[PDB]
Amino acid sequence: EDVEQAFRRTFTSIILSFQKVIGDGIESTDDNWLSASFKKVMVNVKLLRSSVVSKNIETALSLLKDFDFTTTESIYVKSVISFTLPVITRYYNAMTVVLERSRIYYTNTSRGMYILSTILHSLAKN
Amino acid sequence: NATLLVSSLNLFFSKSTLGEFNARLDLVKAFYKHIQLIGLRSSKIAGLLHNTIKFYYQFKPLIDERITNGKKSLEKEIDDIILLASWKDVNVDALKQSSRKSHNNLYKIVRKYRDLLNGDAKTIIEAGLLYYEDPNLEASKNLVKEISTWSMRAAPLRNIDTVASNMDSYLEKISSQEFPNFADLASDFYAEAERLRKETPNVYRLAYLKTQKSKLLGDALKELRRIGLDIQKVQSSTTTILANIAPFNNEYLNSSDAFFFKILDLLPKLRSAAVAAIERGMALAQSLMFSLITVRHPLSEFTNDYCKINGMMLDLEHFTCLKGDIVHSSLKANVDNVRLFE
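Residues numbered from 1 in each chain as written, not as in the entry; some residues may be left out. Chains lettered and ligands numbered in written order. Part of a larger assembly, values for the part shown. Heavy atoms only, no water. Residues with missing side-chain atoms left out of burial classes, pairs and counts.

Listed as the method for this PDB entry is cryo-EM; the listed resolution is 4.2 Å.

Now the structure itself:
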């Protein structure tokens, strides 16, 4: 019952972020897009505010082991926690499409930078 | 605290030898796993040692290559003296002289080892170097969950049916998001540049090959300026940047960052190497280097959250498997009792 407020306080924090994602547009190569995408990914990671999400959700967890409740606000809690995980399903999956897409994004640029450094080094010797 | 430390450390590896090398790394990783032990309370000084080990460990297989192609002369010689020392018609009195002579022949041959072993660890650094973890989820916390969820209780602040559809539809839209790659362009330049530098007869179309040289070196910088692009005071040397870098420690990005650490070896050679396109480009990459560097601390903290929430989604998906009710604090002690007995 107190945990109703606890798990509502994070439930408001998380959907809001998805409303912020659609708050920003979408990018699909033609002109001035690397200098756009370095910033897009950096506002996208900032949009998630995960340092507070992982904090307040871990706090909502910590009471569950540090404190217990016998058969009262512990028996419809399954009706509560069922009410709040068709969504972390979406979120943790949403944490990854950016992350797997960002990991590769770092690597293309760093490897092209390696090749360009080798090129200009060769041309330094020309 | 930091710059002095990386500089004082760089001697400890640069002042060594090829057989006096791996012991240094296996001595220093002890210190790296020691600072973790005190805690991530101290997470400014272990990040250093991580990046330095990632830097010098990059060189180790090429070091071992040298001894492996170097020992082959010596293994053969010791085999030859062994089969020389192979005895037939035993003849005790002849054996002793064959022993004390052989010790003289061994003495020079180990010396050759010491000529390989005392070789400078520096020169391999001085030559530099010439040239996915697959995460996914559609996790399976399925029912338990039903219209049973509608039991509420203490709430006055909701429908869950369509919003679950709203968020996966958002996931469809954002999963379709994608940016272009970059390595294709550097590889096109790689192709045409190796063509120009390889298509030279050097015979006195020398002027025409110079025309194409000018064309490519102009076009490259133009199209580089076409898409995107004061940092001198911080980004001028390895220790200036490496003593403040954000590392990767969690094993999602310690397979996808050596293409960064490789940039560090040739970079001093670029600085020593230094028409005006040269001045544009050498300064051009520093902004790109900064764009590649600055990202690392944000994404490190992002990942540091990510593993926790995965490990806790795991817990709560196991919390769906409740059968009784909350009894863990009373259980919190005896679990440690039995685990102590494990």
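Having seen the model, we can carry on.
Quick look at the overall build of chain B now. Of regular secondary structure, chain B possesses 15 helices and 0 strands. For 342 residues, the compact-globule estimate of 2.2 N^0.38 gives 20 Å, and the C-alpha radius of gyration of chain B, at 31 Å, exceeds that figure by more than 25%. Expressed along its principal axes, the backbone C-alpha trace of chain B runs to roughly 100 × 75 × 45 Å. (Helix = DSSP H or I, 4+ residues; strand = E, 2+ residues; numbered from the N terminus. Rg over C-alpha atoms; globule rule 2.2 N^0.38 Å.)

To continue, consider the overall build of chain A. Of the regular secondary structure elements, chain A holds 5 helices and 0 strands. Counting from the amino terminus, chain A carries its helices and strands in the arrangement α-α-α-α-α. For 126 residues, the compact-globule formula gives about 14 Å, and the C-alpha radius of gyration of chain A, at 22 Å, lies well above that figure. With respect to the three principal axes, the spread of C-alpha positions in chain A is 80 × 30 × 20 Å.

On to the interface of chain A and chain B. Each partner contributes to the interface: chain A provides 26 residues, whereas chain B provides 26 residues. By residue number, the principal contributor to the side of chain A that touches chain B is helix 5 (residues 88-124) of chain A, which donates 10 residues. Partitioned by chemical class, the residues of the side of chain A that touches chain B number 5 nonpolar, 15 polar and 6 charged. (Contact = heavy atoms within 4.5 Å. Nonpolar A, V, L, I, M, F, W, Y, C, P; charged D, E, K, R; others polar.)

A few words now on the packing of helix 5 of chain A against helix 12 (residues 258-273) of chain B. Contact geometry of helix 5 of chain A with helix 12 of chain B gives a least axis separation of 10 Å together with a crossing angle of 20°. If you check the angle between helix 5 of chain A and helix 12 of chain B, you find them roughly parallel. For the crossing formed where helix 5 of chain A meets helix 12 of chain B, the hand is left-handed. Two secondary-structure elements touch here, helix 5 of chain A through A:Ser110, A:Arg111, A:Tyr114 and A:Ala124 and helix 12 of chain B through B:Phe259, B:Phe260 and B:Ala273. Looking at the contact of helix 5 of chain A with helix 12 of chain B, its residues break down into 5 nonpolar, 1 polar and 1 charged. (Axes fitted to C-alpha atoms, helices over the stretch in contact; angles between N-to-C directions. Parallel < 35°, antiparallel > 145°, perpendicular 65-115°, else oblique. Left-handed = near helix turned anticlockwise from the far one by under 90°.)

Moving on to unusual backbone geometry. Residues and elements named next belong to chain A. A positive phi angle, close to 60°, is found at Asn32, a residue other than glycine. Assignment of secondary structure puts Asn32 in the loop between helix 1 (2-23) and helix 2 (34-48). The backbone of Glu73 sits at a positive phi, close to 40°, despite the residue not being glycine. Among the secondary structure elements, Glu73 is positioned in the loop between helix 3 (50-66) and helix 4 (77-81).

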